[PDB]
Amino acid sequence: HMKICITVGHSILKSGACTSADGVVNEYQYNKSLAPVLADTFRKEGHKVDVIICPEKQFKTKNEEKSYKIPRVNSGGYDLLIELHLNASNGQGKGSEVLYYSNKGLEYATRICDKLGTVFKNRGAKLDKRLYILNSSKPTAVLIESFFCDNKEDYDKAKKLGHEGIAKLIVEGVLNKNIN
């Protein structure tokens, strides 16, 4: 029914430096693992999905993440873009949060937040027009901050749910239905 693009946030630079947040779990690595599970969960409901992950040990700087992602996002004729992130603060911040650009994006964001909110703290959908992944993407886009990578309790919940458990909540939210 929908053609969906899933980008994984951040990358591993040529230096070996990872550009993501890092805490009790590495953000990039977690989302590299989640992305294909999320895609398959969408696919089970009949949607088509492309997963976009930056090449590893190719980029000189983080600036190449935009240059890599944007043309591919914009050449695929997608109905929806989702970029997967994990949040971070000082260890005390926790919960789920979805960033959006438009009123259409807000609809998706709120439902995703409510679904994740069944397990994590619902921090709410938040408008951010400054992010390139949102302001330079043709399709409606949302940036999902599923939980905090520097909060033990959040990550313990995630490992309890599993990738499939997190995926199901995101998919139910985006699709506005119950999968069970």
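Position 1 is the first residue in the sequence shown; the rest follow in order.
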Discussion item. Using only C-alpha atoms and the B-factors in the entry, which stretch averages higher, 31 to 39 or 116 to 124?
Written reply: 116 to 124
Worksheet, complete the sentence: Assert higher mean C-alpha B factor (143 to 151 or 49 to 57, deposited values) equals 49 to 57
Worksheet item: Which third, lowest, middle or highest, does the CA B-factor of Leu84 fall in along this chain?
Response: lowest
Worksheet, complete the sentence: Tertile call for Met2 (CA temperature factor, within chain, third-based) is the highest
Worksheet entry | Position of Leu106 among the chain's modelled residues by C-alpha B-factor, lowest, middle or highest third | highest
Discussion item. Using only modelled residues of the chain, where does the Cα B factor of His163 rank: lowest third, middle third or highest third?
Written reply: middle
Discussion item. Could you place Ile179 in the lowest, middle or highest third of its chain by Cα temperature factor, using the values in the record?
Written reply: highest
